[PDB]
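Chains as they are written, first to last, in full-length UniProt numbering: chain A, 52 to 101; chain B, 233 to 290; chain C, 212 to 370; chain D, 253 to 303; chain E, 300 to 359; chain F, 121 to 180; chain G, 366 to 456.
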Amino acid sequence: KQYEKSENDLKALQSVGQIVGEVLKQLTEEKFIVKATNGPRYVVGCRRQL
Amino acid sequence: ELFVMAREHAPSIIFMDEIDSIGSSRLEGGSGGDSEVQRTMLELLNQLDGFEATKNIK
Amino acid sequence: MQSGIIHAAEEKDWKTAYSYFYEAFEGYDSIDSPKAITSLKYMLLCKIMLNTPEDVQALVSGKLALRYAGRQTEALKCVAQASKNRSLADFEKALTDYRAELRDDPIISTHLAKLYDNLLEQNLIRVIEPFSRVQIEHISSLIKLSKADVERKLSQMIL
Amino acid sequence: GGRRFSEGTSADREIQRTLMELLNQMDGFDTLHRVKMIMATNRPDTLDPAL
Amino acid sequence: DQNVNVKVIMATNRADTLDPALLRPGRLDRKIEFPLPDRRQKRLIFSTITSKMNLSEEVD
Amino acid sequence: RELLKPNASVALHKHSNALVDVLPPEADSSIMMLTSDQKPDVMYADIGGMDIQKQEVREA
Amino acid sequence: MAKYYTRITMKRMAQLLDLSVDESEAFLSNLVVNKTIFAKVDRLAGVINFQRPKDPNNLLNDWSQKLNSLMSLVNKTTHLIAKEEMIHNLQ
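Structure, rendered in structure tokens:
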């Protein structure tokens with residue numbers, strides 16, 4: 052039980068606390084404009100699994 | 233501040249239009265918020281440095 | 212009366228137009244003028260426009276209508292009858308006599324053209340839709356015209 | 253909810269702005285049907301003449 | 300301004316709403332005034348709105 | 121690089137330092153809009169009144 | 366019936382329904398209005414056409430679709446074939 056918990060815990064440890072944002076305008080699927088919570092607005096992509 | 237910037241990139245003509253539609257307690261300070269500013273600017277600038285008979289930022 | 216014409220023909224607000232025409236009618240009853248009869252047309256006209264022909268029949272206000280009775284009063288009812296029947300022919304006949312009335316006020320001319328044309332269009336859509344190579348007798352019969360008359364009018368429509 | 257004010261503190265510009273929102277929601281492009289509001293107020297002469 | 304779009308439309312409910320930079324003669328060519336008390340309008344508002352919702356037989 | 125110069129949104133790299141592409145001035149907008157949603161309890165048709173005013177709005 | 370047969374004569378349809386040509390015509394008039402399936406029916410008696418526009422466009426798109434699937438099929442089948450081919454382990 053602890054093995055599963057720790058293995059899943061390593062995957063949490065390598066993984067950061069990723070930037071949360073909001074969609075300012077979706078131009079198309081491949082270019083989305085976001086307002087990131089760190090400050091600077093970014094152009095981001097999307098994964099196809101969404 | 234306005235004089236130093238104007239002086240740096242000189243000459244300048246500072247066109248102060250004193251419509252004086254500001255306040256209701258700035259019209260008891262000089263009869264315009266802008267007119268209070270203009271009195272400050274006028275008296276100071278006349279006298280300032282050599283800029284009275286070397287004045288060129290009107 | 213006049214605010215109603217602009218609303219009805221140009222801006223297409225029949226509701227606001229109806230309401231205008233009522234107020235106008237009330238004011239007209241004291242006098243006799245050509246203006247008074249133009250008010251009578253319009254109230255009836257709004258109903259026909261709605262495409263309920265029953266309302267037209269329910270509504271009739273005889274107060275200005277009887278004075279002026281002749282061709283102008285009857286026209287609004289005949290047009291309604293025609294819409295109800297789904298006959299192009301009733302509409303077709305009526306229109307020729309009526310052309311002086313069409314010239315007199317703009318509102319009637321334009322809306323009657325919409326109605327005639329609309330009616331032809333309704334009748335035709337149902338006739339084509341399940342039959343390709345449909346018989347001439349069948350279009351003559353649904354529209355309610357003679358065989359020669361429908362083909363002629365159709366020629367224009369194809370174009 | 254207040255008024256225009258704003259020949260004073262940074263609080264004064266802030267009340268007029270917040271007031272703008274209450275106006276829209278009541279009716280000014282958004283109409284009450286999806287959300288409904290009852291406002292409990294101490295002094296009704298504080299609010300806007302519009303409100 | 301002078302675009303396919305409507306130019307900025309503004310409303311003010313006070314004489315202290317405005318700013319002299321906005322106010323300046325040489326910015327406003329147009330002045331839209333607005334009355335509202337007239338006897339005519341009152342009848343017109345009532346009949347159109349009454350007509351919007353359903354008609355009764357006690358309609359006057 | 122001739123459609124580069126207007127003031128509009130654009131993309132730059134953090135540290136691969138290139139103006140990689142250009143983007144429409146449309147992008148960058150956090151403002152919402154209701155074209156006619158949560159519809160006001162008025163219309164031009166649902167009044168008849170403010171006739172004198174009906175010319176002043178129509179034009180503007 | 367309408368979905369399978371692109372084309373039937375009016376006459377053949379009567380034999381199929383076991384109702385006369387005139388009765389079938391009236392049924393189709395009602396059917397097309399409900400819009401359960403589109404039909405074109407003639408009073409001439411020539412043909413009843415179901416799902417045909419009479420454009421070359423239909424034939425051009427249809428023609429392409431059959432060829433497009435086929436290529437995909439050959440490449441997948443051979444992967445399994447490779448296993449059979451080895452022999453002396455099945456037999």
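Even for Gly, the Cβ is constructed at its ideal location relative to N, Cα and C.
The bridge partners DSSP lists for A:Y93 are A:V85. With respect to chain C, the C-beta atom of E:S346 has a partner C-beta closer than 8 Å. In summary, C:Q283 is buried, with 16 or more beta-carbon neighbours lying within 10 Å of its beta-carbon over all protein chains present. Look at F:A131 here: in three-state DSSP terms it is strand. Counting only Cβ-Cβ distances below 7 Å, A:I70 has no contacts in chain F at all, with the closest Cβ about 14 Å away. With respect to C:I242, C:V290 sits apart: the two C-beta atoms are not nearer than 8 Å. According to DSSP, residue pairing for A:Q77 in a beta bridge involves A:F83.
Beyond the five residues adjoining it in sequence on each side, B:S267 comes within less than 7 Å, by CB distance, of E250, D252 in the same chain, given in chain order.
Interface criterion met: the Cβ of B:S256 is under 8 Å from a Cβ in chain E.
Membership of D:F281 in any alpha helix (DSSP H) is not indicated, and neither H nor E is assigned to it by DSSP. Taking all protein chains in view, the Cβ of D:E273 is surrounded by fewer than 16 other Cβ atoms within 10 Å, so the residue is classified as exposed. Ranked by how close their Cα comes to the Cα of F:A128, the residues F:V140, F:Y164, F:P144 have F:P144 in first place. In the three-state scheme derived from DSSP, where H, G and I count as helix and E and B as strand, B:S244 is classed as strand. In the displayed model, D:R265 falls within a helix according to three-state DSSP.
Between the stretch 375 to 390 of chain G and the stretch 166 to 175 of chain F there are fewer than three inter-stretch CB-CB distances shorter than 8 Å, so the stretches are not counted as touching.
DSSP, read as helix, strand or coil, puts G:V398 in helix. At a cut-off of 8 Å, the C-beta of E:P334 has a neighbouring C-beta in chain F. By the Cβ-count criterion, C:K252 is buried, with 16 or more other Cβ atoms from all chains shown falling within 10 Å of its own Cβ. Residue burial annotation: C:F232 is buried, with at least 16 other C-beta atoms found within 10 angstroms of its C-beta. In this structure, DSSP gives G:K405 an extended state, which the three-state scheme calls strand.
Contact residues of the stretch 79 to 95 of chain A toward chain F are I84, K86, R92, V94 (C-beta to C-beta distance below 7 Å). In this structure, F:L154 lies away from F:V142, with their beta-carbon atoms at least 8 Å apart. Here E:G325 is exposed: its Cβ has fewer than 16 other Cβ atoms, across all protein chains shown, within 10 Å. Looking at the backbone, the Cα of G:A447 and that of G:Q430 are separated by about 28 Å. Separation of the CB atoms of C:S250 and C:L287 is rounded to 12 Å, and the pair is thereby denied contact status at 8 Å.
Bounds of the alpha helix (DSSP H) holding C:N329 are 317 to 339.
Residue burial annotation: C:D308 is exposed, with fewer than 16 other C-beta atoms found within 10 angstroms of its C-beta.
For A:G68, DSSP records no beta bridge to any residue. At least one C-beta of chain E is nearer than 8 Å to the C-beta of B:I251. Contact of C:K258 with chain E is not assigned, every C-beta pair being separated by 8 Å or more.
Contacts with chain C at 8 Å (Cβ-Cβ) include E:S350.
Shown here, F:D166 sits in coil according to DSSP, grouped into three states, outside any helix or strand. Comparing C-alpha distances from C:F302 to each of C:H322, C:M212, C:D315 shows the shortest one belongs to C:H322.
Closer than 8 Å to the CB of E:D315 there is at least one CB belonging to chain B. If you check the CB distance, G:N422 and C:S343 do not come in under 8 Å. Here G:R372 carries a strand assignment [DSSP, helix/strand/coil].
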